[PDB]
>>> print(open('upload26.txt').read())   # compact mmCIF, C-alpha atoms and all ligand atoms
# COMPACT_ATOMS: atom_id res chain seq x y z
CA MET A 1 0.00 0.00 0.00
CA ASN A 2 1.17 3.51 -0.85
CA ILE A 3 -0.42 7.01 -0.76
CA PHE A 4 -1.94 6.53 -4.21
CA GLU A 5 -3.76 3.26 -3.49
CA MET A 6 -4.85 4.64 -0.11
CA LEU A 7 -6.40 7.79 -1.60
CA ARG A 8 -7.88 5.85 -4.52
CA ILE A 9 -9.77 3.71 -1.97
CA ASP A 10 -11.06 6.71 0.02
CA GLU A 11 -12.03 8.96 -2.87
CA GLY A 12 -12.94 6.43 -5.59
CA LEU A 13 -12.81 7.27 -9.31
CA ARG A 14 -15.54 9.01 -11.38
CA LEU A 15 -15.12 10.10 -14.92
CA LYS A 16 -18.14 12.46 -14.97
CA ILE A 17 -18.61 15.71 -12.89
CA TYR A 18 -20.16 14.66 -9.60
CA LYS A 19 -20.96 16.27 -6.30
CA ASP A 20 -18.76 15.43 -3.32
CA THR A 21 -19.98 14.70 0.19
CA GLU A 22 -20.16 18.51 0.79
CA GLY A 23 -22.13 19.01 -2.41
CA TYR A 24 -19.21 20.49 -4.41
CA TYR A 25 -18.52 19.80 -8.02
CA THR A 26 -15.75 17.25 -8.37
CA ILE A 27 -14.29 14.87 -10.96
CA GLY A 28 -11.71 11.99 -11.09
CA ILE A 29 -10.08 10.88 -7.87
CA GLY A 30 -11.41 13.59 -5.47
CA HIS A 31 -10.28 16.53 -7.58
CA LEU A 32 -12.41 19.52 -6.33
CA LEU A 33 -13.32 21.69 -9.27
CA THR A 34 -15.26 24.54 -7.60
CA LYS A 35 -17.26 25.43 -4.54
CA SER A 36 -19.66 27.33 -6.78
CA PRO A 37 -23.22 26.14 -7.29
CA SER A 38 -22.94 26.42 -10.95
CA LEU A 39 -22.45 23.45 -13.18
CA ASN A 40 -21.15 25.75 -15.80
CA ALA A 41 -18.58 27.30 -13.62
CA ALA A 42 -17.57 23.63 -12.98
CA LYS A 43 -17.45 22.74 -16.67
CA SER A 44 -15.26 25.79 -17.16
CA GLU A 45 -12.70 24.99 -14.45
CA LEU A 46 -12.68 21.47 -15.75
CA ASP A 47 -11.68 22.45 -19.30
CA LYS A 48 -9.14 24.95 -17.93
CA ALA A 49 -7.64 22.04 -15.82
CA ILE A 50 -7.37 19.52 -18.73
CA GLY A 51 -6.62 21.78 -21.62
CA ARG A 52 -9.47 20.66 -23.87
CA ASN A 53 -13.23 20.95 -24.35
CA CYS A 54 -14.34 18.15 -22.16
CA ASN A 55 -18.00 18.77 -21.79
CA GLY A 56 -18.00 17.42 -18.14
CA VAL A 57 -16.30 14.18 -19.04
CA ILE A 58 -12.62 12.95 -18.84
CA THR A 59 -10.66 9.75 -19.50
CA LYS A 60 -8.92 7.57 -16.93
CA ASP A 61 -5.53 8.87 -17.92
CA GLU A 62 -6.76 12.48 -17.47
CA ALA A 63 -8.04 11.57 -13.97
CA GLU A 64 -4.77 9.93 -13.08
CA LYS A 65 -2.88 12.97 -14.28
CA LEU A 66 -4.94 15.30 -12.10
CA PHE A 67 -4.47 12.81 -9.23
CA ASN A 68 -0.65 12.83 -9.63
CA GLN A 69 -0.68 16.67 -9.49
CA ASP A 70 -2.89 16.83 -6.50
CA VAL A 71 -0.77 14.39 -4.40
CA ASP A 72 2.37 16.31 -5.29
CA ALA A 73 0.74 19.62 -4.44
CA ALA A 74 -0.51 18.09 -1.12
CA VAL A 75 3.09 16.97 -0.14
CA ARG A 76 4.57 20.35 -1.28
CA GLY A 77 1.97 22.22 0.79
CA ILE A 78 2.85 20.22 3.93
CA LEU A 79 6.58 20.90 3.31
CA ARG A 80 5.91 24.63 2.98
CA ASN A 81 3.71 24.87 5.98
CA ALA A 82 5.36 25.91 9.27
CA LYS A 83 2.88 24.03 11.32
CA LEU A 84 2.83 20.93 9.25
CA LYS A 85 6.34 20.35 8.24
CA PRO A 86 7.67 19.51 11.67
CA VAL A 87 4.86 17.02 12.21
CA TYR A 88 5.48 15.35 8.94
CA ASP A 89 9.24 15.20 9.51
CA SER A 90 8.71 13.55 12.85
CA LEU A 91 6.51 10.75 11.45
CA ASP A 92 7.30 7.27 10.10
CA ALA A 93 6.38 6.38 6.55
CA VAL A 94 2.90 4.96 7.16
CA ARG A 95 1.80 7.81 9.37
CA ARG A 96 3.05 10.37 6.85
CA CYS A 97 0.49 8.83 4.44
CA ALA A 98 -2.25 9.50 7.00
CA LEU A 99 -1.31 13.23 7.18
CA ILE A 100 -1.12 13.51 3.44
CA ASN A 101 -4.64 12.00 3.26
CA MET A 102 -6.06 14.63 5.57
CA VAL A 103 -4.35 17.38 3.64
CA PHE A 104 -5.67 16.11 0.32
CA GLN A 105 -9.24 16.05 1.71
CA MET A 106 -9.32 19.16 3.77
CA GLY A 107 -6.53 21.41 2.63
CA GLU A 108 -3.42 22.62 4.41
CA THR A 109 -5.27 25.29 6.22
CA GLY A 110 -7.84 22.99 7.62
CA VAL A 111 -5.36 20.38 8.92
CA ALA A 112 -3.10 23.14 10.25
CA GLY A 113 -6.12 24.00 12.43
CA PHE A 114 -5.94 20.68 14.41
CA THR A 115 -3.35 22.25 16.78
CA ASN A 116 -3.83 19.86 19.71
CA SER A 117 -3.85 16.61 17.65
CA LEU A 118 -0.77 17.82 15.73
CA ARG A 119 1.06 18.29 19.01
CA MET A 120 0.08 14.89 20.20
CA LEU A 121 1.13 13.17 16.99
CA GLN A 122 4.48 14.98 17.16
CA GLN A 123 4.89 13.73 20.64
CA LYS A 124 4.00 10.19 19.48
CA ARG A 125 1.09 9.90 21.90
CA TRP A 126 -0.92 7.62 19.57
CA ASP A 127 -3.96 6.77 21.47
CA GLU A 128 -4.41 10.29 22.73
CA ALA A 129 -4.16 11.79 19.34
CA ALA A 130 -6.74 9.23 17.93
CA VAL A 131 -9.14 10.26 20.67
CA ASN A 132 -8.69 14.09 19.96
CA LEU A 133 -8.85 13.65 16.17
CA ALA A 134 -12.30 12.06 16.61
CA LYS A 135 -13.70 15.23 18.22
CA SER A 136 -14.08 17.08 14.98
CA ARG A 137 -16.66 17.96 12.36
CA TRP A 138 -14.43 15.90 9.96
CA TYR A 139 -15.04 12.70 11.90
CA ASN A 140 -18.76 13.42 12.33
CA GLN A 141 -19.30 14.11 8.64
CA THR A 142 -17.22 11.24 7.05
CA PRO A 143 -16.88 8.80 9.92
CA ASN A 144 -15.81 5.63 7.92
CA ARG A 145 -12.99 7.47 6.15
CA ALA A 146 -11.94 9.41 9.33
CA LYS A 147 -11.82 6.02 11.26
CA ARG A 148 -9.55 4.57 8.55
CA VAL A 149 -7.16 7.56 8.79
CA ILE A 150 -7.26 7.58 12.53
CA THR A 151 -6.47 3.84 12.77
CA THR A 152 -3.56 4.49 10.54
CA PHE A 153 -2.20 7.18 12.95
CA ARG A 154 -2.96 4.96 16.02
CA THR A 155 -1.17 1.82 14.75
CA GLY A 156 1.20 2.86 12.13
CA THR A 157 0.19 -0.07 9.90
CA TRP A 158 -2.17 -0.38 6.88
CA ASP A 159 -4.58 -2.64 8.58
CA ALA A 160 -7.65 -0.33 8.09
CA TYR A 161 -7.03 -0.53 4.46
CA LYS A 162 -6.51 -4.19 4.05
CL CL B 1 -16.85 17.07 18.69
CL CL B 2 -17.14 8.21 5.45
>>> encode(input="upload26.txt", output="C-alpha cells")
Amino acid sequence: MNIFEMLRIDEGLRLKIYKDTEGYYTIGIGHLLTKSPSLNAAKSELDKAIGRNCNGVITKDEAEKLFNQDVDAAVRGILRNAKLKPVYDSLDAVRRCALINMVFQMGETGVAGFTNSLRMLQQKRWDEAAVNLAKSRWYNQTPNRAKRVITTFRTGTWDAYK
C-alpha cells in the first residue's frame, strides 16, 4: 500500500462531474473543481484544468494525471507549511500517508487548524491523538474514512485498508 492506493480507496474514481460529500462539483479521484453552485462554472474549471473541451467528461488517464498533481501539491503544501512540516518530519512512513490523506481532503489550512492533535502526533502519543482527532466535524461528517485515517495514525500499519 502507498499514498496513491490509499487515496484511490477513500475517494474512488468518477469520470463524470459529480458532487462530493459537501455538495461540491468534483471529478476523477477527489479533484475539487469549484465550490460554486454552478455546473457551468464547474465545466469551465474542468476544461481549464485539462486543456481541452471536455464537456463534463474525462478519461482515466486524465483523472490519473490530475491525481498525480494533486498528491504532489498536497506533499509540497505540507513541506511549505510551518505548522505541518515539523509534524510530517517527525513521522514514520505509514503515518506520513495518514497526514497527506487529511491534507488532500481538507486542505493545508484545515489540517493546520488541528493544533492539539498535531502536538500529540508529534509527541507520538498515539492513542491520545486518535481520541482528539475524533472530536471534529471531519469525523462526524465522514466517519468511515476518518476512522480509517485515525487507525492508521494509532497503529502505524495499513490494517484499516486491508
Ligand atoms: Cl466534537
Ligand atoms: Cl465516510
>>> residues_around(input="upload26.txt", residues="residue 49 (chain A)", least_positions_apart="4", cutoff="9 Å", atoms="all atoms listed in the file", output="list in words")
residues 33, 44, 45 and 66 of chain A
>>> residues_around(input="upload26.txt", residues="residue 34 (chain A)", least_positions_apart="5", cutoff="7 Å", atoms="only C-alpha atoms", output="PyMOL selection string")
chain A and resi 24-25+42
>>> closest_atom_pairs(input="upload26.txt", of="chain A", to="ligand CL 1 (chain B)", cutoff="10 Å", atoms="all atoms listed in the file", output="JSON lines")
{"residue": "A:132", "atom": "CA", "partner": "B:CL1", "partner_atom": "CL", "distance": 8.8}
{"residue": "A:133", "atom": "CA", "partner": "B:CL1", "partner_atom": "CL", "distance": 9.1}
{"residue": "A:134", "atom": "CA", "partner": "B:CL1", "partner_atom": "CL", "distance": 7.1}
{"residue": "A:135", "atom": "CA", "partner": "B:CL1", "partner_atom": "CL", "distance": 3.7}
{"residue": "A:136", "atom": "CA", "partner": "B:CL1", "partner_atom": "CL", "distance": 4.6}
{"residue": "A:137", "atom": "CA", "partner": "B:CL1", "partner_atom": "CL", "distance": 6.4}
{"residue": "A:138", "atom": "CA", "partner": "B:CL1", "partner_atom": "CL", "distance": 9.1}
{"residue": "A:139", "atom": "CA", "partner": "B:CL1", "partner_atom": "CL", "distance": 8.3}
{"residue": "A:140", "atom": "CA", "partner": "B:CL1", "partner_atom": "CL", "distance": 7.6}
>>> residues_near_point(input="upload26.txt", point="(-17.4, 16.5, -5.8)", cutoff="12 Å", atoms="all atoms listed in the file", output="JSON, numbers by chain")
{"A": [11, 12, 13, 14, 15, 16, 17, 18, 19, 20, 21, 22, 23, 24, 25, 26, 27, 28, 29, 30, 31, 32, 33, 34, 35, 36, 37, 39, 42, 105]}
>>> write_last_selection(input="upload26.txt", atoms="C-alpha atoms", output="PDB file, keeping the file's coordinate frame")
ATOM      1  CA  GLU A  11     -12.030   8.960  -2.870  1.00  0.00           C
ATOM      2  CA  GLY A  12     -12.940   6.430  -5.590  1.00  0.00           C
ATOM      3  CA  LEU A  13     -12.810   7.270  -9.310  1.00  0.00           C
ATOM      4  CA  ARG A  14     -15.540   9.010 -11.380  1.00  0.00           C
ATOM      5  CA  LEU A  15     -15.120  10.100 -14.920  1.00  0.00           C
ATOM      6  CA  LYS A  16     -18.140  12.460 -14.970  1.00  0.00           C
ATOM      7  CA  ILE A  17     -18.610  15.710 -12.890  1.00  0.00           C
ATOM      8  CA  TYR A  18     -20.160  14.660  -9.600  1.00  0.00           C
ATOM      9  CA  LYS A  19     -20.960  16.270  -6.300  1.00  0.00           C
ATOM     10  CA  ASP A  20     -18.760  15.430  -3.320  1.00  0.00           C
ATOM     11  CA  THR A  21     -19.980  14.700   0.190  1.00  0.00           C
ATOM     12  CA  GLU A  22     -20.160  18.510   0.790  1.00  0.00           C
ATOM     13  CA  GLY A  23     -22.130  19.010  -2.410  1.00  0.00           C
ATOM     14  CA  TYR A  24     -19.210  20.490  -4.410  1.00  0.00           C
ATOM     15  CA  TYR A  25     -18.520  19.800  -8.020  1.00  0.00           C
ATOM     16  CA  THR A  26     -15.750  17.250  -8.370  1.00  0.00           C
ATOM     17  CA  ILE A  27     -14.290  14.870 -10.960  1.00  0.00           C
ATOM     18  CA  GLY A  28     -11.710  11.990 -11.090  1.00  0.00           C
ATOM     19  CA  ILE A  29     -10.080  10.880  -7.870  1.00  0.00           C
ATOM     20  CA  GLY A  30     -11.410  13.590  -5.470  1.00  0.00           C
ATOM     21  CA  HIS A  31     -10.280  16.530  -7.580  1.00  0.00           C
ATOM     22  CA  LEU A  32     -12.410  19.520  -6.330  1.00  0.00           C
ATOM     23  CA  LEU A  33     -13.320  21.690  -9.270  1.00  0.00           C
ATOM     24  CA  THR A  34     -15.260  24.540  -7.600  1.00  0.00           C
ATOM     25  CA  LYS A  35     -17.260  25.430  -4.540  1.00  0.00           C
ATOM     26  CA  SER A  36     -19.660  27.330  -6.780  1.00  0.00           C
ATOM     27  CA  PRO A  37     -23.220  26.140  -7.290  1.00  0.00           C
ATOM     28  CA  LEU A  39     -22.450  23.450 -13.180  1.00  0.00           C
ATOM     29  CA  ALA A  42     -17.570  23.630 -12.980  1.00  0.00           C
ATOM     30  CA  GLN A 105      -9.240  16.050   1.710  1.00  0.00           C
TER      31      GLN A 105
END
>>> atom_distance(input="upload26.txt", atom1="CA of residue 91 (chain A)", atom2="CA of residue 124 (chain A)")
8.4 Å
>>> atom_distance(input="upload26.txt", atom1="CA of residue 94 (chain A)", atom2="CA of residue 161 (chain A)")
11.7 Å
>>> decode(input="upload26.txt", residues="region 10-29 of chain A", atoms="N, CA and C atoms", output="PDB file, in the first residue's frame")
ATOM      1  N   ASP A  10     -10.226   5.707  -0.688  1.00  0.00           N
ATOM      2  CA  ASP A  10     -11.057   6.708   0.025  1.00  0.00           C
ATOM      3  C   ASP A  10     -11.878   7.668  -0.842  1.00  0.00           C
ATOM      4  N   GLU A  11     -11.386   7.994  -2.020  1.00  0.00           N
ATOM      5  CA  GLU A  11     -12.035   8.959  -2.871  1.00  0.00           C
ATOM      6  C   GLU A  11     -12.797   8.333  -4.015  1.00  0.00           C
ATOM      7  N   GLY A  12     -12.390   7.136  -4.454  1.00  0.00           N
ATOM      8  CA  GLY A  12     -12.942   6.429  -5.591  1.00  0.00           C
ATOM      9  C   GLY A  12     -12.549   7.097  -6.907  1.00  0.00           C
ATOM     10  N   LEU A  13     -13.098   6.634  -8.029  1.00  0.00           N
ATOM     11  CA  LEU A  13     -12.813   7.271  -9.310  1.00  0.00           C
ATOM     12  C   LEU A  13     -14.109   7.510 -10.071  1.00  0.00           C
ATOM     13  N   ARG A  14     -14.354   8.689 -10.591  1.00  0.00           N
ATOM     14  CA  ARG A  14     -15.545   9.010 -11.384  1.00  0.00           C
ATOM     15  C   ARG A  14     -15.088   9.868 -12.506  1.00  0.00           C
ATOM     16  N   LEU A  15     -15.496   9.460 -13.698  1.00  0.00           N
ATOM     17  CA  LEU A  15     -15.120  10.104 -14.920  1.00  0.00           C
ATOM     18  C   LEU A  15     -16.074  11.174 -15.385  1.00  0.00           C
ATOM     19  N   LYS A  16     -17.150  11.401 -14.611  1.00  0.00           N
ATOM     20  CA  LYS A  16     -18.144  12.458 -14.974  1.00  0.00           C
ATOM     21  C   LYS A  16     -18.268  13.471 -13.812  1.00  0.00           C
ATOM     22  N   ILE A  17     -18.515  14.796 -14.055  1.00  0.00           N
ATOM     23  CA  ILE A  17     -18.611  15.705 -12.890  1.00  0.00           C
ATOM     24  C   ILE A  17     -19.544  15.123 -11.875  1.00  0.00           C
ATOM     25  N   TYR A  18     -19.222  15.195 -10.591  1.00  0.00           N
ATOM     26  CA  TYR A  18     -20.160  14.657  -9.603  1.00  0.00           C
ATOM     27  C   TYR A  18     -20.110  15.595  -8.449  1.00  0.00           C
ATOM     28  N   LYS A  19     -21.015  15.458  -7.486  1.00  0.00           N
ATOM     29  CA  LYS A  19     -20.963  16.272  -6.304  1.00  0.00           C
ATOM     30  C   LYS A  19     -20.328  15.466  -5.171  1.00  0.00           C
ATOM     31  N   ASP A  20     -19.408  16.104  -4.429  1.00  0.00           N
ATOM     32  CA  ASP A  20     -18.759  15.426  -3.321  1.00  0.00           C
ATOM     33  C   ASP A  20     -19.676  15.297  -2.088  1.00  0.00           C
ATOM     34  N   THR A  21     -19.145  14.854  -0.970  1.00  0.00           N
ATOM     35  CA  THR A  21     -19.985  14.705   0.192  1.00  0.00           C
ATOM     36  C   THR A  21     -20.459  16.044   0.683  1.00  0.00           C
ATOM     37  N   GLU A  22     -19.759  17.147   0.325  1.00  0.00           N
ATOM     38  CA  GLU A  22     -20.156  18.511   0.788  1.00  0.00           C
ATOM     39  C   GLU A  22     -21.125  19.203  -0.162  1.00  0.00           C
ATOM     40  N   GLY A  23     -21.321  18.552  -1.311  1.00  0.00           N
ATOM     41  CA  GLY A  23     -22.131  19.013  -2.406  1.00  0.00           C
ATOM     42  C   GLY A  23     -21.332  19.803  -3.432  1.00  0.00           C
ATOM     43  N   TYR A  24     -19.997  19.741  -3.407  1.00  0.00           N
ATOM     44  CA  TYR A  24     -19.211  20.488  -4.407  1.00  0.00           C
ATOM     45  C   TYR A  24     -18.861  19.651  -5.604  1.00  0.00           C
ATOM     46  N   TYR A  25     -18.814  20.363  -6.725  1.00  0.00           N
ATOM     47  CA  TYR A  25     -18.522  19.799  -8.025  1.00  0.00           C
ATOM     48  C   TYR A  25     -17.087  19.288  -8.071  1.00  0.00           C
ATOM     49  N   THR A  26     -17.003  17.997  -8.374  1.00  0.00           N
ATOM     50  CA  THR A  26     -15.750  17.248  -8.371  1.00  0.00           C
ATOM     51  C   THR A  26     -15.628  16.353  -9.612  1.00  0.00           C
ATOM     52  N   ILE A  27     -14.435  15.829  -9.862  1.00  0.00           N
ATOM     53  CA  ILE A  27     -14.288  14.869 -10.956  1.00  0.00           C
ATOM     54  C   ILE A  27     -13.069  13.962 -10.640  1.00  0.00           C
ATOM     55  N   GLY A  28     -12.909  12.804 -11.272  1.00  0.00           N
ATOM     56  CA  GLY A  28     -11.713  11.995 -11.086  1.00  0.00           C
ATOM     57  C   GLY A  28     -11.640  11.341  -9.742  1.00  0.00           C
ATOM     58  N   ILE A  29     -10.408  11.383  -9.194  1.00  0.00           N
ATOM     59  CA  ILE A  29     -10.085  10.876  -7.872  1.00  0.00           C
ATOM     60  C   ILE A  29     -10.100  12.021  -6.820  1.00  0.00           C
TER      61      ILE A  29
END
